[PDB]
Amino acid sequence: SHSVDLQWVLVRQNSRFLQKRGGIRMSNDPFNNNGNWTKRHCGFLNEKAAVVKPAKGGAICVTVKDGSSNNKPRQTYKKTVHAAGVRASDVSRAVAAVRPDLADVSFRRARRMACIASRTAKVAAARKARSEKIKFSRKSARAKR
Amino acid sequence: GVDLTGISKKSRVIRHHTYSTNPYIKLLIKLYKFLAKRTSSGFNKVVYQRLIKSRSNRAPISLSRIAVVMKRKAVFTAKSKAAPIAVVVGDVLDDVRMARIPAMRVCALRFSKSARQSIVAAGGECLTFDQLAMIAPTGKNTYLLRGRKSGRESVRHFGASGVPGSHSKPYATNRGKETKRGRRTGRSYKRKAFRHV
Amino acid sequence: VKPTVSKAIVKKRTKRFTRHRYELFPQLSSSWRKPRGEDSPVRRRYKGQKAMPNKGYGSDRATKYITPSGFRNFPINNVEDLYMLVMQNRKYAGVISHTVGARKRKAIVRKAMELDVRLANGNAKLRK
Amino acid sequence: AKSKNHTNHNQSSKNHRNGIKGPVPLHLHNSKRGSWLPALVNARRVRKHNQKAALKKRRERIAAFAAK
Amino acid sequence: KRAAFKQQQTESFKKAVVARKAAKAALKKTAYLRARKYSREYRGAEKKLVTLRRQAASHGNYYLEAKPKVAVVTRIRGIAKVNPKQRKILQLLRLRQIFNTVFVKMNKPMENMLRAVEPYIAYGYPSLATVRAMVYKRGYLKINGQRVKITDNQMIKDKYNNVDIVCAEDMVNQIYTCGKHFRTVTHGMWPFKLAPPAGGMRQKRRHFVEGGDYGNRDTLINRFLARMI
Amino acid sequence: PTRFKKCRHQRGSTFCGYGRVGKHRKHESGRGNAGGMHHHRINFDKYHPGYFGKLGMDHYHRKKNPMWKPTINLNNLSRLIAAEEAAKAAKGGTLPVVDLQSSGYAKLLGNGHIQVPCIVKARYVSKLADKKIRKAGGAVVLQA
Amino acid sequence: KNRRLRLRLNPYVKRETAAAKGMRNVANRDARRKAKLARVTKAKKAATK
Amino acid sequence: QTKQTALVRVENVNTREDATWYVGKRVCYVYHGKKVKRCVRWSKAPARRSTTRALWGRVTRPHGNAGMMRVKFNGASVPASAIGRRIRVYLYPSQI
RNA sequence: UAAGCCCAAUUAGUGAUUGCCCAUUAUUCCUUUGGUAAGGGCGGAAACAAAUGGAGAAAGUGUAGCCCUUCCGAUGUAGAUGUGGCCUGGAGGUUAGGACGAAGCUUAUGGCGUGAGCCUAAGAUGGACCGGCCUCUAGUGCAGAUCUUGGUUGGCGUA
RNA sequence: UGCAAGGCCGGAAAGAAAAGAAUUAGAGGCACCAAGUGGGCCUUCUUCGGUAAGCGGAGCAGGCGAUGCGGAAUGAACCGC
RNA sequence: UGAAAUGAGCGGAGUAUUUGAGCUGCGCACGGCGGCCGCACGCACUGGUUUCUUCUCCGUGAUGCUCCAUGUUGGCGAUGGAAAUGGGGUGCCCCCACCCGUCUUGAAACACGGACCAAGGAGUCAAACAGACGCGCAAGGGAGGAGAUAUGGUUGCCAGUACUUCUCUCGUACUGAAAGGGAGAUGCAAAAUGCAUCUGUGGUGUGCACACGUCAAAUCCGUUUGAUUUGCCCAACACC
Ligand SMILES: [K+]
Ligand SMILES: [K+]
Ligand SMILES: [K+]
Ligand SMILES: [K+]
Ligand SMILES: [K+]
Ligand SMILES: [K+]
Ligand SMILES: [K+]
Ligand SMILES: [Mg+2]
Ligand SMILES: [Mg+2]
Ligand SMILES: [Mg+2]
Ligand SMILES: [Mg+2]
Ligand SMILES: [Mg+2]
Ligand SMILES: [Mg+2]
Ligand SMILES: [Mg+2]
Ligand SMILES: [Mg+2]
Ligand SMILES: [Mg+2]
Ligand SMILES: [Mg+2]
Ligand SMILES: [Mg+2]
Ligand SMILES: [Mg+2]
Ligand SMILES: [Mg+2]
Ligand SMILES: [Mg+2]
Ligand code: NA
Ligand code: NA
Ligand code: NA
Ligand code: NA
């Protein structure tokens, strides 16, 4: 009954997700593929949405809101995980199955997720190699249950 | 330097946005800005211009006035053709001086509850501007209508009341006071009721 | 991460617009105040006086707000702030707020290193 | 404290800033009040007849359109 | 694959491209023919005038030259200290800036306007080379209230929407010969904004006859304007 | 709100929109309506004619309850009738009864066309209203 | 002063330029000058006679 | 004065036709500082290292009828301490 | 044998018709800003992981202005108006930071903005509070009033 | 059947020819609500009173006020802009 | 630095092409002189001639919405108490450049206030009215005072919020000093309260949109953008 146009008119200038820092308007929205505060990228607001997220290992998850269960927040978003080695064009096609106006940014985001996974592995390896040579008087271990 | 004396006198104040805080008015302005720029119809352009206007410039219209003008148009209209949709960018208010009105389709920004009841009971329909943009995207077979402004009590006060030919109401809280000198021929001159222009 | 290349940054003016005769009085700050005096030489725009700001000094919109590194500064206060700069990392660089402690700055720098997000005021030893 | 009496300096420039506005056209404000009374009274009767004839003509036009 | 509306757009765009190319070729051919005719006309007129002068001279008679129909007027003074009548005349002549130039008809109503603002303007009788140089190098049209430099004949054709004005040679012919569309052609143009005369001026404050600049220089305005254009 | 007033825009102007020559002085034209017959006469005469003088009789101890006499017209009589009663009302049959003094009115005036016939109980009435309502199939019953 | 713009505005400029070159040819110039002087002198003499 | 352009008087250049020959030629003002800073071929030619410095420019146009020339220096104006001092006008870029 | 006065040139009876130097002016180029501004695009176009072309694309008064293209204007006392313009103390929301250092304070301490200002850095400063954004509110901005109060000061190691 | 007036129904319309035979950086009207002004001073010409005055009083129009910039060494207002 | 090279300039072809100058034909203009003579060679035949003078002819949409990203040759920089490039500091040259705030026609003024710094320091609040703009409702709008009960409860939150009104007020009618009166249209008629009917702008001129057309221009052929006739004319405005 209350459309995305009306909701955007309501929430465009005030929103917990709008981060106007300095003079830049970014977005804390978890379902934003961009960080840009635009109606197309406000995924928490649109009836249908899709966002590219990382997963354990090199896997890439696509979180999709189809608009079928928008009134039930526990069922609004469904995650589908593509295993490591997935083509960013395949991820963009999975996104465009819902939002054809998000395919380019979804391809770019999938490529960025793969790059981040590889760079994180490399940085962690280098950090471990450096830390192997230090005394480290204090180590904290969380108890198991 | 270029001699441009009196070049700011040519410029006029044109407003391309609304002072209104209504999100639904903003939605209507968005839709009809799109329609006015992407369609060749002048109806969309006029509606878009009137949506921007202020409340005082969107005067209310009455159901009796709508009925009278639509009857004047319905005569001299072929019986095969349907009656136009009466479109007003403003408010429609009921008239208790007209009890019998025909079945008309009316589009407006707001209907009073009595006006909506009267239009529906006469057999008509109360449309919104999104419905009008849906059924008549270019505004074909529409009667664009406007409300009356000349009878407003603010308008009746404009101008000096003490100059010849002026019948404006003075700003006075007491009606008995301010009636003696300048209003009566006996009490040292009376303001002339007529002046040739 | 390398920033996105742009046209050469041209500043119309590098000198700051300072208040008239602020050097003669320790009271007066150097911040600009418009001279409204009737016989003010700066207001009358004499030849040998200091200039007043106006629209003509505005900088090119293509290269406006860009720091010498080529990035635009976005203030950040925690690790979760680094995730809106993930996709536009060649446009924006994070600036850790001044009052963020060293304990939190360690985590912020560690996360930004893996994310390949530029920090304008991280530790200089990392990222060379 | 002797001051200056009167001058017309700058008055024409002020009048021509928002320039001398042209007169109202002769088809507007053509009121006949104050004119010769007998002709006015005769014209009133003529206009009465003209208004009645206009009403009759509109009625005939409506009837013809209904007929066609 | 491509969506149906995109395919429709593609087909219509291909048809538009081929039609635009055909129109460009047709306008080029029309401009060539018109320019050829105008050049032959100018040459024949010059030769006829020469022969008439020779015939008049060989028998002791005189040939009276036709009074010039077009004048070229440039503003050689600034915008300070101008009386209201001169200001109004210059505004109606569209000389609102120094070194602004216009083409006017040299009839009685305009000659009496020029005589009243003589101290501010230098005018004369333009030549074909002067008119062509002003149109080709300093030619700007008023398209949607904007000063648009003349870069091809399609802009001229679209702006004037006249059969007799489709090319820069059409505009030059109308201006030079004071045709039936002189007012249309000149009013559809922005006033020419010229550079100061290289080599300087003689005297801004005296008439050309007096040793200055502000009078009517006859055909010497071409020498004056060559250094300005 | 103070943040919207002109005092905030004039911080640094040193005159606040009153000029160097004329200045903002305390009372430069008198206090209140002083000088309405001299040095404010043009204003008083062109904007408030009739202000000065006397007119009419004096009504000592005017009680406005005795003079109470609101009016209603014939075309407005449907405001005092319920919708369903006006649905069944017709000339020559049973008609709704309107009590004007209970509805807040004393006189029936009779301008325009009466939309629904009825029986109007009124303290006062106009001759045109009485004639029109009798023509339309209604009636007026005097009340007190 | 630009070939592209001048040829766009005047397709006949390539022929006017060729005419100018032919006129500026020295042999053509001298032959034309002597011929023109001969014709004009002959016509003037025939007119007076 | 406008410090962006400098006036240079060359020996035996006393006509505008003479000054037109030098248009486009390279121009050098040689001075010295107080400390030995970096130069061209600081590593290739260590013999070049000196307190000697040079500011380069080009001849743009003649000035007057008496053989003066206007000179524009690279990026920055020539110092006012160079006024009345020696300038080198080289014969390149050659056009002959 | 003017560097004076009256007249006349522009490299001088050689062969044509611009000697040269100085503007906040003209012409043109670049950038800004504002239009009674003028237009385009805005139904993601197809494709396209990493290791090893890129990004963005907002139906929009005003922003880091939705993007692109085009044109024209831009000085100003008194005065008017505008500003997703700056700044201050509290209030309602929201979102953060702090004893791994809060406010305050210091600065050849840089960066950003035409500016009001904002931000970072450092303190060999401090020692517990406090930032951003949306709205609300007011005892909300100082250079000068023979301004008020406090401190200091040259005269002066003088009379 | 004439006049005068208010209409109605036609007709024609270089929509204004040719004779030097206009031009326009020409959106016309129409409100509303307000502020500063209300000591002015300089010229070119015209002008009055005064022996005159960097004196007093007018007309037309420009300019200072309110405004810099280039030039008359210097100068509110002169020249250029 | 070719990330769409639009070129007389690139890339393909071709050896031509037309356009000037010669020199000429016929008729016509034109010029002597009164139908003849002339004609510098105008105009038409886009006349002929080709004697010399020129090159001419084709070609690439954007399936790129926007922005950024592509040479050469040295010098310097191979991770340093370094090479650059910007910013900052201090001196110095050559140019500019009267002291601020005021009042004033006119201030750098021999006009008045001006040793320094810190803190403080000046369009406020209320009432009446008007106009602009926002919002609610509309021939109606709205209270106020006060009661009720969530709350007859709670340190507090809660002096709030929720609810109610046969009233009151401002409108929907106005005039006259009062006594007093008290506004529809049309038709038919002309009654010192005339009748009849009621789906209706009292009339006229000028006037959005919309409806039939009609022209002109441009079109990717779908149209769109201008004008315009007629109808109804909204809001207005002018005469009745
Ligand atoms: K002053
Ligand atoms: K009358
Ligand atoms: K712009
Ligand atoms: K906006
Ligand atoms: K202070
Ligand atoms: K001046
Ligand atoms: K009420
Ligand atoms: Mg009324
Ligand atoms: Mg700190
Ligand atoms: Mg003069
Ligand atoms: Mg004021
Ligand atoms: Mg005053
Ligand atoms: Mg795609
Ligand atoms: Mg934008
Ligand atoms: Mg300004
Ligand atoms: Mg001011
Ligand atoms: Mg306080
Ligand atoms: Mg005064
Ligand atoms: Mg004084
Ligand atoms: Mg003095
Ligand atoms: Mg009333
Ligand atoms: Na700066
Ligand atoms: Na001050
Ligand atoms: Na002392
Ligand atoms: Na320095």
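In this document, every chain is numbered from 1 following its sequence as written, which may not correspond to the numbering used in the entry; residues for which no coordinates exist are not shown. Lettering of chains starts at A and numbering of ligands starts at 1, both following the order in which they are written. Remember that the shown chains come from a larger assembly, so read each value as a statement about the shown part. With hydrogens and water stripped out, all remaining heavy atoms of the structure feed into the side-chain values. Residues with missing side-chain atoms are left out of burial classes, side-chain pairs and their counts.

Structure determination for this entry is recorded as cryo-EM, at 2.97 Å resolution.

(A) The arrangement of the side chain of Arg19 of chain C in detail. Residue and element names in this part refer to chain C. Put simply, DSSP H or I for four residues or longer makes a helix, DSSP E for two residues or longer makes a strand, and each gets a number counted from the N terminus. Within the element layout of this structure, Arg19 appears in the segment before α1 (41-44). Relative accessible area decides the class of each residue, using a 1.4 Å probe on protein chains only: under 20% of the type maximum gives buried, over 50% gives exposed, and in between gives partly exposed. Under the counting rule used here, the positive set is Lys and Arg, the negative set is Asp and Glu, and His together with the chain ends is not counted. Any carboxyl oxygen of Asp or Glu that lies within 4 Å of a side-chain nitrogen of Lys or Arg is treated as forming a salt bridge with it. Although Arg19 lies buried, it forms no salt bridge, and the closest oppositely charged side chain, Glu23, sits 9.8 Å away as judged by the N-O distance. Here a residue-residue contact requires only that any non-hydrogen atoms of the pair lie within 4.5 Å. Those residues within four positions of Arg19 in sequence are excluded, and the remaining contacts are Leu28, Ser29, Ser30, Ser31, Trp32, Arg33 and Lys50.

(B) Looking closely at the protein's contact with RNA strand I. Around RNA strand I, the structure places 128 residues, and the nearest of them are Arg25, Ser89 and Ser118 of chain A, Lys55 of chain C together with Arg223 of chain E. Definition of a polar contact: a pair of N or O atoms within 3.5 Å, with one able to donate and the other able to accept a hydrogen when the atoms are protein atoms, and with sequence-neighbouring residues admitted only if both atoms are side-chain atoms. Side-chain polar atom of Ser89 of chain A to a phosphate oxygen of RNA strand I: 2.5 Å apart, as the coordinates give it. At a separation of 2.6 Å, a base oxygen of RNA strand I approaches a polar side-chain atom of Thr2 of chain F. With nine residues, the single largest contributor to the surface near RNA strand I is helix α3 (residues 103-131) of chain A. In this classification, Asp, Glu, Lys and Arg are treated as charged, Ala, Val, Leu, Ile, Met, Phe, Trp, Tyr, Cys and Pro as nonpolar, and every other residue, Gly included, as polar. Split by residue class, the surface near RNA strand I holds 38 nonpolar, 41 polar and 49 charged. Throughout, near means a residue has at least one heavy atom within 4 Å of the molecule or strand.

(C) Quick look at the sheet that holds strand β6 (residues 139-142) of chain F. All names here are of chain F. A pair of strands is considered paired only if DSSP assigns at least 2 bridges between the two. An order of β2-β4-β6 is seen for the three strands of this open sheet, with the pairing classed as parallel. In this open sheet, the two strands that pair with only one neighbour each are β2 (97-99) and β6. Across the sheet, the mean angle separating the axes of adjacent strands is 20 degrees when strand polarity is ignored. Bridging between strand β4 (residues 119-122) and β6 involves four bridges; their strand directions are parallel. Considered in β6, the bridge of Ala122 is made with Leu142. Fitted lines through C-alpha atoms give the axes, limited to the stretch in contact for helices. The angle between two N-to-C directions lies from 0 to 180 degrees.

(D) Broad picture of the pairing of strand β3 (residues 52-63) of chain H. All names here are of chain H. Across seven bridges, strand β2 (residues 26-32) lies against β3 in antiparallel orientation. Among the inter-strand pairings, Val27 is bridged to a residue of β3, identified as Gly57. Here β3 runs beside strand β4 (residues 68-73); their pairing, made up of six bridges, is antiparallel. Among the inter-strand pairings, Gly57 is bridged to a residue of β4, identified as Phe73. Where β3 folds back on β4, the antiparallel hairpin that results is connected by four residues, among which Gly64 adopts a positive phi of roughly 80 degrees.

(E) Molecular detail of the protein's contact with RNA strand J. Around RNA strand J, a shell composed of 56 residues is seen, among which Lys10 and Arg12 of chain B, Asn50 of chain D together with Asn83 and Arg94 of chain E lie nearest. Backbone sugar and phosphate groups make up 71% of those atoms of RNA strand J lying within 4 Å of the protein. Within the backbone of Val21 of chain F, a nitrogen or oxygen atom sits 3.3 Å from a phosphate oxygen of RNA strand J. In the surface near RNA strand J, the residues fall into 17 nonpolar, 17 polar and 22 charged.

(F) Molecular detail of the pattern of salt bridges. Under the criterion given, the structure shown has 29 salt bridges over all chains. When the shortest N-O distance is used, the salt bridge between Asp5 of chain A and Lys30 of chain B registers 3.6 Å. Placement of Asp5 of chain A in helix α1 (residues 4-11) and of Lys30 of chain B in helix α1 (residues 23-38) is noted, with the two residues assigned to different chains. Notably, a salt bridge pairs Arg21 of chain A with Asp81 of chain C, separated by 2.3 Å at the nearest N-O pair. Here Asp81 of chain C lies in the loop between β1 (72-76) and β2 (92-96) and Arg21 of chain A lies in strand β1 (residues 18-21), a pairing that spans two chains. Comparing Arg21 of chain A with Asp81 of chain C shows no difference in burial state: the two are buried.

(G) Representation of the sheet that holds β3 of chain H within the structure. Ordered in space as β1-β4-β3-β2-β5 (chain H), the five strands form an open sheet in which the pairing is antiparallel. The sheet terminates laterally at β1 (6-9) and β5 (88-89) of chain H, the two strands that pair on one side only.

(H) Just the interface of chain A and chain B, in detail. With five residues of chain A at the contact, the number on the chain B side is five residues. When two components associate, each loses some accessible surface as probed by a 1.4 Å sphere; the sum of these losses over both components is called the buried area. With both chains or domains summed, chain A and chain B bury close to 400 Å², and 72% of this area falls on carbon and sulfur atoms. Counting the surface chain A buries against chain B, the share from its top three residues, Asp5, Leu6 and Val9 of chain A, is 81%. The interface formed by chain A and chain B holds one salt bridge in total.

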